[PDB]
Amino acid sequence: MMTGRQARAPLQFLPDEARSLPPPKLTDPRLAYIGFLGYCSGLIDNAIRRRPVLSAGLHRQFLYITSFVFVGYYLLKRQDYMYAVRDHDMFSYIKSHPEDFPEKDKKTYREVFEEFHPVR
Amino acid sequence: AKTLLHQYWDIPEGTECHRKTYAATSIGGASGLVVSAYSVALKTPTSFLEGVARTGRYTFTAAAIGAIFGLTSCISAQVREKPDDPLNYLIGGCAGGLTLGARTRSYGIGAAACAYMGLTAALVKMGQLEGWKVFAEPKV
Amino acid sequence: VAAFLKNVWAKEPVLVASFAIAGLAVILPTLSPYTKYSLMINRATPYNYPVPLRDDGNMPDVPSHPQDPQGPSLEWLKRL
Amino acid sequence: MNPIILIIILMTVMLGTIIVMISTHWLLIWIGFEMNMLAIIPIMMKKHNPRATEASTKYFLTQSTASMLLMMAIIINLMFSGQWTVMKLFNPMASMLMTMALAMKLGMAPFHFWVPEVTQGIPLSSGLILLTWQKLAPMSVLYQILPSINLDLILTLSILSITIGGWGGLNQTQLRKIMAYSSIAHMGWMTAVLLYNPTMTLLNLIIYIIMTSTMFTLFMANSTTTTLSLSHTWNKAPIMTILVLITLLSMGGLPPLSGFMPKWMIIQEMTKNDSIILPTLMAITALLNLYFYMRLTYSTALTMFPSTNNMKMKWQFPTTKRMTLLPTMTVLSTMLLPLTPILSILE
Amino acid sequence: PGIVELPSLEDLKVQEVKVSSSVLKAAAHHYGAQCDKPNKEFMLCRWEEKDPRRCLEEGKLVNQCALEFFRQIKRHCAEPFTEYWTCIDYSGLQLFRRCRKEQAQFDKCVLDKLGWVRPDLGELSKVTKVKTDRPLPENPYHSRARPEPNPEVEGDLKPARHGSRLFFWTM
Amino acid sequence: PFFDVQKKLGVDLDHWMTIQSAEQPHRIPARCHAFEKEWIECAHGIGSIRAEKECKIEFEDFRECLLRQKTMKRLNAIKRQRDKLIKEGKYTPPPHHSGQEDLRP
Amino acid sequence: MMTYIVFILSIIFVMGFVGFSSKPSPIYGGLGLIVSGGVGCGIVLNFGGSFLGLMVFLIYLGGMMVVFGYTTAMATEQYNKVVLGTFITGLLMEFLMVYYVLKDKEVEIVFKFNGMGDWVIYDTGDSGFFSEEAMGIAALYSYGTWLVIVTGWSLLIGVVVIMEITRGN
Amino acid sequence: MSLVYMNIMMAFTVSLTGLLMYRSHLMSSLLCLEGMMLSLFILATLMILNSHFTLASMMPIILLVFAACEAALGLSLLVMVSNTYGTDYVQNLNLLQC
Amino acid sequence: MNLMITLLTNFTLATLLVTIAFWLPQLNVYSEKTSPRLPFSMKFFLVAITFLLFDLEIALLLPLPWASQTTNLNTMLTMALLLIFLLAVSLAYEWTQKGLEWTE
Ligand SMILES: CCCCCCCCCCCCCCCCCC(=O)OC[C@H](COP(=O)([O-])OC[C@H](O)COP(=O)([O-])OC[C@H](COC(=O)CCCCCCCCCCCCCCCCC)OC(=O)CCCCCCCCCCCCCCCCC)OC(=O)CCCCCCCCCCCCCCCCC
Ligand SMILES: CCCCCCCCCCCCCCCCCC(=O)OC[C@H](COP(=O)(O)OCCN)OC(=O)CCCCCCCCCCCCCCCCC
C-alpha cells in the first residue's frame, strides 16, 4: 500500500523523520508485555532442558528478557512511525483533494425523519 | 466457459424455457467434462472404453443435473409468476439433487443433494439479486 | 619453506609450474609499467564517429580542424 | 555431509533467495531460483535412502518445469515491453504463465501434488527449509508483480489451495504430510489477500514461518515422524506435549493465540473490498485444518497413548539436541496476539 | 496519425560520387583533411536534427565538396592516384600497410602540387567544434507535455491520532 | 520483499541490462531507443496507475516500434492490393520496382 | 521461397519437437533434439547470431546432448501406436497452422501473427567494424561483473552438488 | 507480430505437453525439459537480435549455462534413481504414496 | 548461401559414399550365412558431468579475445582471472574429494 513512500529511501528501519515522533516510554505496556514474553521464553528454556524452571540460569532468563525488550523497543518505534506516516498521508490527501471530501451538512433530529418500527 | 454463463444469466426468468435448459445443460456438460478430465488425469482407467464410459457417465450426470435444474426453475417461475425469486431456484436445486440421487443410484445422497444444492442455488440467486461478489475487485 | 619448495618441485613439477605461472598472471600486471598503455590504446581506438560540438564561443581545448594543434594526440603511440 | 560443505550449500540456498529478493532484473530472478533449487537438492539427499532420491527427483521436475515457465513469461515480457524491470507484467499471458510458475514453486493447488511426497521423502530439517525458507522467493516475486496478476486466477488458486490442504491432512498419520498439507492451505490464505493488501500476506507468511518452524523443531527435538511415535512424547518429555498442544491450537486459528491473527487480518482486509462470501468459505474451510490439528492433539497431549518398556531407558538421558530458538519460537507462535498492531512494520 | 512528409525526387537529385570504395579509401585521409568543414556541419546537423529530411542541403554541400575534391585530384595527380588505388583495390581487406610506396608517391605529388598534408595518427578521430548558423533544435524527439508528478510530502510528522485505530488497541 | 539493497548500498548490480536506453558498449543504440526513452521519461515517478492512462500514447508507439504490428499490417494491405491489381490486370509495376533502374549512389 | 527460409527452418524446428516429444525412446528422442537444435541454430544464424549459434553447436549440442546420450547409453538398455499417433496429430496441427497463415497472411493461435516472411522486420543500417552481438557478449566482463560472480559461483556450487549427491554416502 | 515467434512458442508448448505427459522414462522427461530450454534460447535470441539490444546478447549464454547445470543435476538424479531401481522408469518412483 | 551449398555437397558426398559402401558389396551375392542391464560405472558419469560443467565454464570464457578490447580493463582482467580461478577451484575440489580417481 504505502510502498511508494519507502522506495525513495529504501531499507531505512527508522528514517530521519521518525525522530520527530515521541519514543515509547520504558513503561510502555506493550514493551512490558514483550518483556513478559522474554521471561516466558526463559521459563520454557529451563523447562524443555529439564532445569529448575524458576531457579536455573538467572543470567539466561535475564538475557531473554533484555533481548526481547531491546528488539521490541525498536519494533514499537517502527510501529508508531508507520502509523504516523499513514495518518500524515491520509490528512495530506484530504487536504490536497477538497472536491473528494465534501462538507456534509449535519442535520439535527428535528429535521431527520426516521421510520418507527413498533415492538409489540 | 464464461460466455456459457453469459448466455445463461442474461435471459429473463420464466420466458424462454428450452434455451435456458440447453444453456444450463451446456454448463453442466462442460463442468462434467472438467470433472471427467481430472478423474482420468489423476486415476488411470483400465482401458480406453472404460475411460470414455466414465467420461460420458460423469458428463451426462452433470448435464442431466443442469438440464433438470434449469427446466424445473423455469417451470416454477412460470407457474408461480415470480421471476426474481429464490424459491424457484430452491425447487430447481432440489430437483437437481433428486437427479443426482437418481444418477448415483442412492436415495440419501439424493436427499442431501436436494438440501445442500437447493440452498446453494438459492444463495446463487440472492447473489444475483443483491450483487454479491465472490471474486471481488480490489477497491481499497 | 625452501625445503618444502624443493620437495614439491621434486615430486610434482607440473603443479609447481602451474601455481607459479598463475601467480605471475595474478601479480604481474599491477607491477608492469605498460599496463597503463593497454588502457590508453583501448580508449584511443575510434570505433565510432567523433560527433562534433556546436561552437558556442568558448571551447579553447576543442579544435576546429583535425590538423589543429589542440586536442587529444597520439604521439605517444607513434613513439612508445 | 562435510560441515564446511553443508555451510557453503546453506549459504548458497540463502544467497539464491536473497538474489531473488534484492534484484531488479528478471534474469537475476531466474538465476536466483536456479541457484536456490541447485543448492537445496543435496539438503534433501542428506541421508541417501531411495525415498530422498525419489523426493529430490520429483522436486527437481516440478521446480524445473516452473523455472522454464517463468523464463517463458519473462521472454513474453521482453516481447511485449522490451525491458527487464522486475515490476508489473506487460501482457496477461505472461502474467498467467508467471502466476502458474510461482504457484508451482510454492506448491499451491492444483500444482500441490509434489508437496506431501517431497516433504515425506526428506528429513525434518530439510523439510523445514522446504516449507519455510523456500516460500520467501516466490512470494517476493508475487509481491512485485501484483499490479498485473489476474484476480480470478489467483483467487481460484487460493481457494483450491485452502480446500485441498484442508481435505489432505484429514486422512494422514505421517507428520510431514500433515505439515505439507498445512502448507498448501496456508499458502492459499496468503495469496487470497495478495491483491487486496500484501502487508497481510507478509504478516501471514511471518506467522506461518514461526509456527511451522516451531512444529518442525518440536518434531526434531522429539525425533517423531508419525502420529503414533509422537504419541509417546508424554512419557518421555511432558513439556513437549504442552508445546505441541499450544502450537497446534495456534495453527488452527484459535483465539487468543497468534495463529488467529493472520486469518483474522485477512478477513479484516477482504471484507473492506466488499468480499464476504470468499472469506466466509475460507474461514469455514479452515475448520478442516483445525480438525486434523485436534486429531494430533488428542493423540499427543490431551490423552496418554500406551508406551513401551524401553522408554524406561530413555528416562535416564537428557535431550542433547540443539533445540535452537524453540522457546523463542514457541512464545512467538502463541502469545503474540496482544501485539497484533505490530503488523505496520511490514507496510 | 499524421501523413509523413517526404521530400520530392527533385529535392534528392544531386551529382553522385560514382567511384568505388577503394577509390574512396585511397584518398580518405586527404578527404578528411580537406573536406572537414561541410562534412562536420552535416554530421552535427545529422546528430542534432535526428532527421535526414532536415539535412538535405548539408548533404548536397557534402556531395559538392567531395566532387570538387576529386576534380582537384584528377587535374594534378591523376596517375599516382590511379597507381595507388589500384594497389589498394587488389587486396581483399584493402590494407593500407601493403601499399606504402604508392602511398608515398601519391602523398609526395599531392604535397608538391596541391599543398595537402596527410593527417597524422590520431587527428581524424578528434572531436572538433562546428560553427553553425542554424538554430539549436528545441525538441528533436518531438516530446509532448510531460505528466505532472505526484505531490510530495511536507510538514512535521505528528503522532498517530489515538494510536493504531485497530479495533480496540489504544496504542 | 523487494529489499532494495542496490539503492541502499549504491551498487549497480543489474540496473544496466534492465532497459534498452541504458549505457551500451561502443554507444550502440537499439532499434527503439527513442521510443523507450520517451515512454520512460513520460512514466518516471508518476506511478504505474498514472502511467497506464497518462503514458498510453508513448507506450503504444513503443510497443508498435517493438513488434511492428501496424506496420506489417499496412504492408500486408499494400502488397495484397498490389497482387490483386496484378491479378485484375489494372496495374503494372514501375521500372524502379522491377530491378532495371541502376540504384542511386 | 528463399525469403521464407527462417520460417521453413522454424517449421522443421516444430516438426522435430513433435518428433522427440512423442518419445519413442530416449535414444531417438535425443537424436530428434539434436536435429531440432541444428535447425534452431540455423534460425539463430539467419538473424545474425553467429556466436550464439556456435554456442548452440558447441555447448548445447557439443557438451550437453553428448552427456544426455552418454547417460542414455549407460542407464538404459540399447533400445509405437501412441508415439506415431501423437506424432501425426502434432504434424497435422502444425501443417494446419501453416496452411491457415499462408492462406490468410494472418492468424491468431494465442496472439496475432503476420503471414509474410520475417525479412520485413530487419534493420536497414550497419554496425561498422564490429558485431553488436559480439560486443554485447564481450560486455560480460566489463559491464556484467555481478552476473559473472553469480554464474561462476553457481557452477562451482554445481560441481560441489554433483560430487555430493552422486557419492551415495 | 513476427511469424517465427509463433513457431518457437508452439515448439515450447509441444515440448511442454511432452514434458507434461510422461510415457515411461525419466530421460524422455529431461529431453523435453531441455527442448523447452532450447526454445527459450532461440526465442530470446531472436528478440534480442531483432531489437539490437546489445547488452542482452550475454543473456542467452547465461540461460544456457544455468539450465545446462540444471540438466547435469537432473541427470545426476536420474543416475541415482537408475542405480536404486535398475531402470529410469517413472513408475518405480512410487514409494511416496504412503 | 555458399556455406549451405557446401554443407549440402559434403552431406551428399558422405551419403553417396555410404550408399556405395552398403550397396556395392551387395552386388556380389555371397553365401547365406545361417550358422549360429549393462554394468554401471559412476566414474564414467562423473567424467561426463565434469566435462559438462567445465564446458559451461569454457562457454563463459570464450568471449575473452573480444573482452580484451574493452575500456574497463581492470574489471575485465579481474573477472577473467576470477573465472579461470573458479575453473581451477572446481578442479581442485574435484581433486581433493577423490573425484578424479581410477579415471584420474
Ligand atoms: C515516570 C516513569 C515511570 C512510570 C511508571 C508507570 C507504570 C507503573 C506501573 C508499572 C507496571 C506497568 C505495567 C503496564 C501498564 C498497565 C497496562 C494495563 O494494565 O493495560 C490495561 C489493558 C487495557 O485496559 P484499559 O483499562 O483500557 O487501560 C488502562 C491503562 O490506560 C493502560 O494504559 P494504556 O491505555 O496506555 O495501554 C495501552 C494498551 C491498552 O490495551 C488495549 O488497547 C487493549 C488490547 C490489549 C491486548 C488484548 C489482547 C487480547 C487477545 C489476547 C489475550 C491473551 C491472553 C490474556 C492473558 C492470559 C494469561 C497470561 O496496551 C496494550 O495493548 C498492551 C498489550 C497488553 C499488555 C498489557 C501490559 C502487561 C504488562 C505486564 C505483563 C505481565 C503479563 C500480563 C498477562 C499477559 C497478557 C496481557 O488491560 C488489558 O488489556 C487486560 C489484560 C491484562 C493486562 C495486564 C495488566 C498489567 C499488570 C499485570 C500484573 C499481574 C501479572 C500476573 C502474572 C503474569 C500473568 C499470569
Ligand atoms: C595463488 C596463485 C594462483 C592459485 C590458483 C590458480 C592455480 C592454477 C593451476 C590450477 C591447478 C588446479 C589443481 C590444483 C590442485 C591442488 C591440490 C593437489 O593437487 O594436491 C595433491 C598434490 C599431491 O598429489 P597426489 O595427491 O599425490 O596425486 C598423485 C599425483 N602424482 O599436492 C601437491 O602436489 C601440492 C600442491 C600445492 C603446492 C604447489 C606449490 C607451488 C609453488 C610455486 C611457487 C609460488 C607460486 C605463487 C603462488 C603461491 C603458491 C602457494
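Points worth noting:
- The separation of segment C:18-42 from segment E:111-132, counted between C-alpha centres, amounts to 36 Å.
- Under 13 Å, Cβ to Cβ, from D:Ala192 - net charge with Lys/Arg +1 and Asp/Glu -1: -1
- When all alpha carbon pairs of the protein assembly as shown are counted in 20 Å bins from zero, the resulting P(r) reads 8, 29, 36, 20, 7, 1, 0 %.
- Along the axis of the charge dipole computed for chain D (Cβ charges of +1 for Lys and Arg, -1 for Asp and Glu, origin at the Cα centre), the listed residues D:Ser182, D:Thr214, D:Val20 are led at the positive end by D:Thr214.
- Modelled label positions at E:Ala28 and D:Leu170, each set 7 Å beyond Cα in the direction of Cβ, lie 8.1 nm from each other.
- Calculated mean residue ellipticity, 222 nm, chain H: -24500 deg cm²/dmol, from DSSP H runs (n ≥ 4) at -39500 (n - 2.57) each, averaged per residue and rounded to 500.
- Taking trypsin sites (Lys or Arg not before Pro) across segment D:277-347, the ones in a DSSP loop with at most 16 further Cβ atoms lying within 10 angstrom of their Cβ are D:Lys321, D:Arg322.
- Ellipticity at 222 nm from helices only: DSSP H runs of n ≥ 4 in chain E, each -39500 (n - 2.57), divided by the residue count, give -14000 deg cm²/dmol.
- When the chymotrypsin sites (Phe, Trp or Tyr not before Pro) in segment E:51-128 are filtered for DSSP coil states and for at most 14 other beta-carbon atoms within 10 Å of their beta-carbon, the remaining sites are E:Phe96.
- Nearby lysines by direct alpha-carbon distance to E:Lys25 (threshold 18 angstrom, same-chain neighbours under 8 apart not counted): E:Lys74, E:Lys101, E:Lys108
- Summed over qualifying helices (DSSP H, 4 residues or more, each -39500 (n - 2.57)) and divided by its residue number, chain F shows a 222 nm mean residue ellipticity of -16000 deg cm²/dmol.
- Three-way shape call for segment G:15-98 based on the alpha-carbon gyration tensor, with the a/c threshold at 1.5: oblate
- With each label modelled as a point 7 angstrom along the Cα→C-beta vector, the F:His44-G:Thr3 pair spans 4.2 nm.
- Remark: the Cα gyration tensor places chain A in the oblate category, a/c being 1.5 or greater and a/b not exceeding b/c.
- Taken about its Cα centre, the protein assembly as shown carries a charge dipole of about 3300 debye when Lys and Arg each add +1 at the Cβ and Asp and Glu each add -1 at the Cβ.
- For segment G:2-166, the residue among G:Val107, G:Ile165, G:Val83 whose Cα projects farthest onto the positive side of the dipole built from Cβ charges is G:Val83.
- Sites count as exposed loop sites when they are trypsin sites (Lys or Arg not before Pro), lie in a DSSP loop, and have at most 12 other Cβ atoms within 10 angstrom; the longest stretch of chain E without one is E:19-96.
- For chain A, the longest principal axis of the C-alpha atoms and the axis of helix A:58-95 are separated by about 20°.
- Using the Cβ-Cβ distance between A:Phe70 and E:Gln72 with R0 = 56 Å, the FRET efficiency computed as 1/(1 + (r/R0)^6) comes to roughly 0.05.
- Going by neighbour counts of Cβ atoms within 10 Å, the residues D:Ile159, G:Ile5, H:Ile62 line up, fewest first, as G:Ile5, D:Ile159, H:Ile62.
- Three-way shape call for segment G:1-146 based on the alpha-carbon gyration tensor, with the a/c threshold at 1.5: oblate
- Estimated FRET transfer efficiency when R0 is 41 angstrom, pair D:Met313-F:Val5 (beta carbons, to 0.05): 0.20
- Remark: segment B:52-118 carries a charge dipole of roughly 400 debye about the Cα centre, counting +1 on each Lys and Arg Cβ and -1 on each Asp and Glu Cβ.
- Distance from segment D:25-41 to segment A:2-71 (C-alpha centre basis), Å: 34
- Within the shell of other residues whose beta carbon sits under 11 angstrom from the beta carbon of F:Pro95, the net charge comes to -2, with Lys and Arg scored +1 and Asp and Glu -1.
- Relative to one another, the C-alpha centroids of segment D:158-234 and segment G:71-87 are positioned 41 Å apart.
- FRET efficiency estimate (nearest 0.05) - Cβ-Cβ, D:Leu287 to A:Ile94, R0 60 angstrom: 0.90
- In this label model, G:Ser127 and F:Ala77 are separated by 3.4 nm, measuring between points 7 Å along each Cα→Cβ vector.
- Helix C:13-27 axis, angle to chain C major axis (alpha carbon atoms, nearest 10°): 30
- Dipole-positive endmost among G:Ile27, G:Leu155, G:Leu9 within segment G:2-166 (Cβ charges, Cα centre): G:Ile27
- Nearest-ten-degree value, helix A:29-48 long axis tilted from longest Cα axis of chain A: 40
With ideal geometry, Cβ positions are generated from the backbone for all residues, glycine too; neighbour counts draw on all protein chains shown. Quick note: the coordinates plus some simple rules give every number you see, no bench work behind them.
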